[PDB]
Amino acid sequence: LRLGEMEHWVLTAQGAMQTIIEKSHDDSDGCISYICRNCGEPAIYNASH
Amino acid sequence: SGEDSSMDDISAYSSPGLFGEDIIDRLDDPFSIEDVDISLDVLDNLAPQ
Amino acid sequence: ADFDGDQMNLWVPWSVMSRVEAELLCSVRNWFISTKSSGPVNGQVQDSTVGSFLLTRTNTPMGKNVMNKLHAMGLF
Amino acid sequence: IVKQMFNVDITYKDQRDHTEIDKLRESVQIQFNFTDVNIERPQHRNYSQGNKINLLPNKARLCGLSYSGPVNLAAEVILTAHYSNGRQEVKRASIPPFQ
Amino acid sequence: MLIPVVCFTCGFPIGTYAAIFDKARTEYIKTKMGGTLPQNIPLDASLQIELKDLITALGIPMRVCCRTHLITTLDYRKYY
Amino acid sequence: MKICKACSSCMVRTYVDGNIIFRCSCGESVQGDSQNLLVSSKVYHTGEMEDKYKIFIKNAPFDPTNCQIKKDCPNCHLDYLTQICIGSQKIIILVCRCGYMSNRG
Amino acid sequence: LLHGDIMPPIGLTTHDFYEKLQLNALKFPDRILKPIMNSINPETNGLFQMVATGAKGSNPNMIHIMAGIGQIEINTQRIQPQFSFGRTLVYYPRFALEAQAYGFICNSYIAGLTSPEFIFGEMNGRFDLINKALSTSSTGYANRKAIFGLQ
Amino acid sequence: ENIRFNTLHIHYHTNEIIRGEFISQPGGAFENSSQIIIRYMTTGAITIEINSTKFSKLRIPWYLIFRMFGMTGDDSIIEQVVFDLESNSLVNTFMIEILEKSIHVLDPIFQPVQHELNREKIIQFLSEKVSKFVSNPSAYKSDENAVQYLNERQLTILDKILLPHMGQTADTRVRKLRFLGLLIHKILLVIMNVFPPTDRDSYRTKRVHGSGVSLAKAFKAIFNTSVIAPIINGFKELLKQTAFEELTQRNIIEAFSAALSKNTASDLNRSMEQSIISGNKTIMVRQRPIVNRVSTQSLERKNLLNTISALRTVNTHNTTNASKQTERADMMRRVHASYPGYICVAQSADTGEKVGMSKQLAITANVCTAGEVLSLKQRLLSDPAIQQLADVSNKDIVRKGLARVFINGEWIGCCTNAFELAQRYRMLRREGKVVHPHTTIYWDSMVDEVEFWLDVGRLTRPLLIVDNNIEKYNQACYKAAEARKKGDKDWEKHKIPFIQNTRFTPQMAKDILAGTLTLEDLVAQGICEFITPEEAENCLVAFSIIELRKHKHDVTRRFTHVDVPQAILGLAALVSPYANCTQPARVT
Amino acid sequence: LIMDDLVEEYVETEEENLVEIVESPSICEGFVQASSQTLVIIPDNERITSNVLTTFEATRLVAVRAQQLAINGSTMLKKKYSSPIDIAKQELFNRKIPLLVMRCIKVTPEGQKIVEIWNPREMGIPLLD
Amino acid sequence: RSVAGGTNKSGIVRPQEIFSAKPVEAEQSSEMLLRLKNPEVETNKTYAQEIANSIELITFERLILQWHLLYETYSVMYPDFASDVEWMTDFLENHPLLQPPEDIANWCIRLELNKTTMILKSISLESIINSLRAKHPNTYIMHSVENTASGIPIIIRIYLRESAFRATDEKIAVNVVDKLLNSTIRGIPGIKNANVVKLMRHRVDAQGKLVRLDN
Amino acid sequence: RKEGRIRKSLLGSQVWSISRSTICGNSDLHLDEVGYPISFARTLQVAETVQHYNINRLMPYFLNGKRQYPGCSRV
Ligand SMILES: [Mg+2]
Ligand SMILES: [Zn+2]
Ligand SMILES: [Zn+2]
Ligand SMILES: [Zn+2]
Ligand SMILES: [Zn+2]
């Protein structure tokens, strides 16, 4: 089931967020990205290893 | 030879069913739901009253 | 929307922040007044409009539009 | 369509030269038409090694088969060789009906 | 696929007389159709076939629903 | 256009000497004054001229899909006439199979 | 028109002026409601009560249902002669001058429409369906462009 | 839906000023069709592009086509277009200026042969520019036999793919040139606003192809790739492996029936199934993006009405390059004035882009099969009223006002009076002996032409024939006029009332209901006839027997036919009761 | 030989119309990190933003407080409520919320994040109850 | 909504014109509202109609039935119009101060005026003659006797001068013909039609009251 | 295009924990109420974090589990 472009437009017109966050990240492919902040490239981070 | 049909253009076997089959149309389809992010399973939400 | 085959999506917020926001920011009471026309969106429709007219009219074909106490109570 | 619009007359370059006549030959003209075309009723095989039996449409619907009838073709091939002397050799063969 | 056992609207047992009604309607129709072919009966502009008396004789009451479902239901064996 | 007399070809105009000098690709020249002083032509009300509907107006009485009116023909005294309405000015023309035409047409 | 008495003003051809005159002549008067309300008991008529209280429908709906549909207008103009040169349908002669040949429907919905009247009504309804269908797509295009310009 | 073949389609406004496309099919539905495109460019050039199996996508100057067939004189070439080089006129002047300008316009591709007056050089140039195998343009010129071979191949190709419907031999080159000049004349007539462009939505110039025609179109391309090409490759491999003199009539047979029959891997059946399943859309055969001309859909068995309506569905043609994404998009989805009686005016999709895209045959509408054109051609050529094309010239046609006669789009002669010929052959069709009842006899009153159509894909419906006493009425009018002119007090007594009516009677209605009377009997008896959308433009139809009865004595409304009102709806539309009492959109 | 799954070649047509020198130092090329900012808090008497919480700000405060009470739960509220949302709402209404609202007025090129810090416990609350 | 040219408002034509910032030449429903520069005579409907019909754009091409350019000077003649020398000499006699100048060249247009359009648009021959003469510097224009009834036409022969020719001569002559045809006989450029509408406006009267005026 | 990476995966997204059904009228519901079928109510779940203030309220949900409504599915 898809929350398309127009659903996001409606949610951001209500100024919601935290529901765009929940649905689009927690209930979707939301992940964690690591950036070196010195070069801006995707970095490699692992806590366990 | 001229009589031979082995090297005949097979695109010519499909006779033109419309007048301007070669003119290029750059505009978008006025009836295509392309900028409308609506799921194909709820297409009856657009049905006339 | 109308009830002739229309389908609607429903999702229940499960996280605390989303629930707070749903009950504080996105409740339909905030959309009673249109953002487009600056006027009300909801009201009586079809049977409710005709019913309001029939209830508030002075006379019926049967005489004065009145009800006894039992039927007045039944309205509520 | 098969008997009139699909006549072939194509001349191909000779690609072999390991013989005196092979060096003499520089092209062969392939020329064939189709003489008999007939489409039969849909058939099927039960044993995988038996006679073809009539395939009823319900069986084709159930098994995902194709309600298709065999096409039998009969052709007449004319092969003409060309040499660098102005002569030509003609080998005329008649193809028996085949599916 | 058959005339329903009971009327769909009120539950009156119209299926008690369904077979008798079907047979009697066939016999009655045979006496009203003239030279028109059986499949052309719904096209004959001169036909006036009334089943009111037949249904009344069956004991079915003058109910819109019951008579409707009795006279309009399609029988599967007549088309298959 | 001017057709070359030797080879049946069209010849260019090439106004040089104060008049038209018709030059052909085969080198022939015809001079040709008087008759060919018209270089360009354009009629601006085409689609509404007389010869656009000449065949149609001639065939209008015999066309069974044309409107008829209860008016007497002055020539053969038929009680009906074929009624035509051509052009953006809605020119009404009454025609008959006897050849009568309502003045205009 | 037949006597050559229709003189268009400066700015219109005789065809355009004639079409405008015909469109003005074939509009229903205000007194078309008089027969409708003479047949209607407003304190009892459900259709009139829905229309008059604003619950559903309008005056044109009641007029079309009871009195007559009237002139079928497509893009402010009458039915164009597209069947042939000067013909609107196979049912009408070439260069017909009657209003019925150009989409004027004289019958109400309750009275029933004839075949040419039904064809003109089907043309109008198909126009409505086409506009409804392509409204979604055009609104989608414009809405996406506006959103991305203003977001 | 398919545009009518052997028909000029013109398109004016919506650097090319105008386009005229003519698809020529020599015979029945299964013959190869050659498409010629005539373009007037803003540069002044009139270019003819012939798209066929042999070659395509090559715009030749128009006069070069006339020159290749021996017509090299410019005056004779132009005379083919204007029909009279010594008539002042008004269309002739305009056409002559355009043609003179177009002759001198310089073409980039045909520059060397533009001024060439020898047809052999032009044929050689076209052969070099057209033949796939001539990749060395200079080596073959030394060999005279090579030049002769190229010339003969090009001449055969031109005789086969240039207007094949007017003939496919070398005897009809001049007739083909006359027809091409006529096509250019019609295009230039449209150009000067004498004519409007072809109505893309009208069914007068439309055909419906289903099953046989579409399957044949798919089968040609599938066969040429799954049978001819494998056999060619197998024979090439056999000749390259085995010496030609070593074949003993056994190598040939096995190579034939094993090259395509061992490594099939694509199959005629599988390719036909793919064509049937893919539907009317662009597809790829041998990595070539060709358009599948088969309109198909899954048989959705929602009910029996759904199946029947699916079998009676007429689909608009789909093309990738343009697909008509302009104002034409909502023009093609409208109910056209040519629909009534053939295409259901109510049936359509109510939602999506498919609104008006899928059409439905009306209840009485039928699809004509290809009739016997040869018998009617023999009858017309043997008709003394028709002068054969070989015996008449353009001067005679234009000076004597002769009317061109066409059968299946082929110009076969000219007649003195088009209306009389059309009426006589309509009467013969009514008799039904020498003219088949399903043939179209169309009379174009604007240009005085008679067109006979017997091709497949014609929509047809039966219409009851209305007959009148207009001849007796006119004779009575003449008698009353004579009485008035002689000075009679009651001259009006000679006038008789006008009578128009059908011969259909309630007894025949009962006989139809009794099964003793069929539509074939009614057609044979002359009570009703079959009318095509192109012939329907020659008809004035009363929409009902009530309308006919109302105008029974109206001499100003002389109907040719009467219609049964329910014939304008399809099967699904007729399910709705009292549909004429409902808003038509609700009927959809 | 017949392939059905075509890819529909895609075309873009409207072109965009946007309107010593040594190899590279370690300064011009690089330094993607962006210089750190200092927090310039506007004095309370120089603040120009509203002293009333917006519905966005109040909603965010309640959501943050309730999410924190989900993992924590040491509360200063008097009355006991059975949901973190109600507890956070009452904390905002009772002016006991332990959060602050920072409104970033401007980020200067020199590296200053000019902000206004607002205390929700001295602000107007627009929410319902 | 109207779909005809000059008032194309069907579909999203107007909203796409607005949102795409389409230029003036790309607009299909362009309109303008003009107020008379006299507050006390805005009440006269006849004056408003006069002004509206006065500013309506009429070009020479609107009033041409057909035109023919000729390689003939004057102080020879295409045979189809050899009868033109009668009204030509009549024009010479009736216009003593309009004799042909001594720079007359070979090129010249002969245009047939459409009398139906002239009648319907209230276009007079003198209006054409003065809107082309005091407009075009290198020209010599001649008209027939305007008395023409139905059957004999009004003919305008415009004779060129080498001052214009001062590229192929024939092509520049055709371009001059095109320039002459597109000249504005009457009206203001870009105005295809001009109707008269009743305007509702408010004005403050002498008592300080705001009154809604419908006239 | 619409099915491309940007419009289909970035500007919109497929999500979990969501339901779709036909809508019908119910005049006994308030304007700010929606009628939810129970089978959908046992499919979509609300994440409540157990603390001291809600343990007593959440205990009946834990006890009901997956056998009775209102219950719970995961902890
Ligand atoms: Mg709905
Ligand atoms: Zn790094
Ligand atoms: Zn019952
Ligand atoms: Zn020459
Ligand atoms: Zn007469």
# chains A, B, ... in the order shown; residues from 1 in each chain; ligands from 1

$ residues_around --residues "residue 9 in chain D" --least-positions-apart "6" --cutoff "12 Å" --atoms "only C-alpha atoms" --output "ChimeraX atom specification"
/B:1-8 /D:28-33,77-80 /H:153,228,232

$ residues_near_ligand --ligand "ligand 1" --cutoff "9 Å" --atoms "only C-alpha atoms and all ligand atoms" --output "list in words"
residues 44, 45, 46, 47, 48 and 49 of chain B; 1, 2, 3, 4, 5, 6 and 7 of chain C

$ select_by_dssp --residues "range 266-323 of chain H" --states "helix (DSSP H, G or I)" --output "NGL selection string"
:H and (268-278 or 304-311)

$ write_last_selection --atoms "C-alpha atoms" --output "mmCIF file, in the first residue's frame"
data_model
loop_
_atom_site.group_PDB
_atom_site.id
_atom_site.type_symbol
_atom_site.label_atom_id
_atom_site.label_comp_id
_atom_site.auth_asym_id
_atom_site.auth_seq_id
_atom_site.Cartn_x
_atom_site.Cartn_y
_atom_site.Cartn_z
ATOM 1 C CA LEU H 268 4.882 -19.936 -35.873
ATOM 2 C CA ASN H 269 2.372 -20.920 -33.181
ATOM 3 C CA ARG H 270 4.242 -19.208 -30.344
ATOM 4 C CA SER H 271 4.682 -16.021 -32.374
ATOM 5 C CA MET H 272 1.002 -16.008 -33.373
ATOM 6 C CA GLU H 273 0.068 -16.492 -29.713
ATOM 7 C CA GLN H 274 2.341 -13.605 -28.739
ATOM 8 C CA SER H 275 0.658 -11.435 -31.374
ATOM 9 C CA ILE H 276 -2.784 -12.405 -30.058
ATOM 10 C CA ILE H 277 -1.825 -11.763 -26.424
ATOM 11 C CA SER H 278 0.179 -8.549 -26.886
ATOM 12 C CA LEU H 304 -22.596 -13.593 -21.164
ATOM 13 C CA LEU H 305 -23.344 -9.958 -22.010
ATOM 14 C CA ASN H 306 -19.690 -9.165 -21.312
ATOM 15 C CA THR H 307 -18.563 -11.895 -23.720
ATOM 16 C CA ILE H 308 -20.949 -10.804 -26.478
ATOM 17 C CA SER H 309 -19.960 -7.150 -26.067
ATOM 18 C CA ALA H 310 -16.285 -8.140 -26.165
ATOM 19 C CA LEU H 311 -16.913 -9.925 -29.458
#

$ residues_near_ligand --ligand "ligand 3" --cutoff "6 Å" --atoms "only C-alpha atoms and all ligand atoms" --output "VMD selection string"
chain E and resid 7 9 to 12 63 65 to 66

$ write_last_selection --atoms "N, CA and C atoms" --output "PDB file, in the first residue's frame"
ATOM      1  N   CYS E   7     -40.024 -16.665  -1.283  1.00  0.00           N
ATOM      2  CA  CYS E   7     -39.875 -15.332  -1.846  1.00  0.00           C
ATOM      3  C   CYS E   7     -38.683 -14.630  -1.210  1.00  0.00           C
ATOM      4  N   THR E   9     -38.075 -11.576  -0.813  1.00  0.00           N
ATOM      5  CA  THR E   9     -38.389 -10.343  -0.106  1.00  0.00           C
ATOM      6  C   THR E   9     -39.072 -10.589   1.234  1.00  0.00           C
ATOM      7  N   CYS E  10     -40.033 -11.508   1.280  1.00  0.00           N
ATOM      8  CA  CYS E  10     -40.807 -11.734   2.489  1.00  0.00           C
ATOM      9  C   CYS E  10     -40.725 -13.157   3.022  1.00  0.00           C
ATOM     10  N   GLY E  11     -40.171 -14.097   2.263  1.00  0.00           N
ATOM     11  CA  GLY E  11     -40.035 -15.456   2.738  1.00  0.00           C
ATOM     12  C   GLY E  11     -41.256 -16.328   2.577  1.00  0.00           C
ATOM     13  N   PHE E  12     -42.247 -15.896   1.806  1.00  0.00           N
ATOM     14  CA  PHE E  12     -43.396 -16.746   1.538  1.00  0.00           C
ATOM     15  C   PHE E  12     -42.968 -17.941   0.689  1.00  0.00           C
ATOM     16  N   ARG E  63     -49.330 -10.606  -3.737  1.00  0.00           N
ATOM     17  CA  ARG E  63     -48.157  -9.911  -3.232  1.00  0.00           C
ATOM     18  C   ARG E  63     -47.231  -9.600  -4.397  1.00  0.00           C
ATOM     19  N   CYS E  65     -44.024  -8.938  -4.466  1.00  0.00           N
ATOM     20  CA  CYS E  65     -42.756  -9.654  -4.393  1.00  0.00           C
ATOM     21  C   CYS E  65     -42.909 -11.111  -4.810  1.00  0.00           C
ATOM     22  N   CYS E  66     -43.930 -11.787  -4.283  1.00  0.00           N
ATOM     23  CA  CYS E  66     -44.067 -13.222  -4.508  1.00  0.00           C
ATOM     24  C   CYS E  66     -44.373 -13.525  -5.967  1.00  0.00           C
TER      25      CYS E  66
END

$ residues_near_ligand --ligand "ligand 2" --cutoff "12 Å" --atoms "only C-alpha atoms and all ligand atoms" --output "PyMOL selection string"
(chain A and resi 34-44) or (chain I and resi 30-33)

$ write_last_selection --atoms "N, CA and C atoms" --output "mmCIF file, in the first residue's frame"
data_model
loop_
_atom_site.group_PDB
_atom_site.id
_atom_site.type_symbol
_atom_site.label_atom_id
_atom_site.label_comp_id
_atom_site.auth_asym_id
_atom_site.auth_seq_id
_atom_site.Cartn_x
_atom_site.Cartn_y
_atom_site.Cartn_z
ATOM 1 N N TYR A 34 25.771 6.959 7.211
ATOM 2 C CA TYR A 34 26.972 7.430 7.886
ATOM 3 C C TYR A 34 27.814 8.216 6.893
ATOM 4 N N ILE A 35 28.153 9.451 7.252
ATOM 5 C CA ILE A 35 28.915 10.353 6.396
ATOM 6 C C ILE A 35 30.136 10.830 7.170
ATOM 7 N N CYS A 36 31.276 10.908 6.479
ATOM 8 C CA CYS A 36 32.542 11.202 7.142
ATOM 9 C C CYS A 36 32.607 12.625 7.691
ATOM 10 N N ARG A 37 31.834 13.554 7.129
ATOM 11 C CA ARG A 37 31.766 14.942 7.595
ATOM 12 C C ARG A 37 33.051 15.705 7.288
ATOM 13 N N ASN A 38 34.092 14.996 6.869
ATOM 14 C CA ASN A 38 35.342 15.617 6.457
ATOM 15 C C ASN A 38 35.485 15.650 4.946
ATOM 16 N N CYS A 39 34.978 14.618 4.273
ATOM 17 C CA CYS A 39 34.909 14.569 2.823
ATOM 18 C C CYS A 39 33.486 14.534 2.291
ATOM 19 N N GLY A 40 32.508 14.206 3.130
ATOM 20 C CA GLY A 40 31.124 14.135 2.715
ATOM 21 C C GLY A 40 30.697 12.829 2.090
ATOM 22 N N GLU A 41 31.583 11.854 2.001
ATOM 23 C CA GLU A 41 31.281 10.582 1.369
ATOM 24 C C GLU A 41 30.686 9.607 2.374
ATOM 25 N N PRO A 42 29.905 8.634 1.904
ATOM 26 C CA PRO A 42 29.360 7.618 2.817
ATOM 27 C C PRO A 42 30.474 6.855 3.515
ATOM 28 N N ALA A 43 30.445 6.883 4.840
ATOM 29 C CA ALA A 43 31.454 6.237 5.661
ATOM 30 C C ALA A 43 30.987 4.850 6.080
ATOM 31 N N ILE A 44 31.913 4.090 6.650
ATOM 32 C CA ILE A 44 31.654 2.730 7.101
ATOM 33 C C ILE A 44 31.693 2.735 8.622
ATOM 34 N N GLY I 30 38.283 21.028 -1.206
ATOM 35 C CA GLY I 30 38.171 20.409 0.095
ATOM 36 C C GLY I 30 37.435 21.309 1.064
ATOM 37 N N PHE I 31 37.690 21.078 2.349
ATOM 38 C CA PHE I 31 37.029 21.797 3.436
ATOM 39 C C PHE I 31 35.510 21.737 3.281
ATOM 40 N N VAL I 32 35.018 20.524 3.021
ATOM 41 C CA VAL I 32 33.579 20.291 2.971
ATOM 42 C C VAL I 32 32.949 20.294 4.356
ATOM 43 N N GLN I 33 33.760 20.299 5.417
ATOM 44 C CA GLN I 33 33.242 20.114 6.767
ATOM 45 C C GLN I 33 32.331 21.259 7.196
#
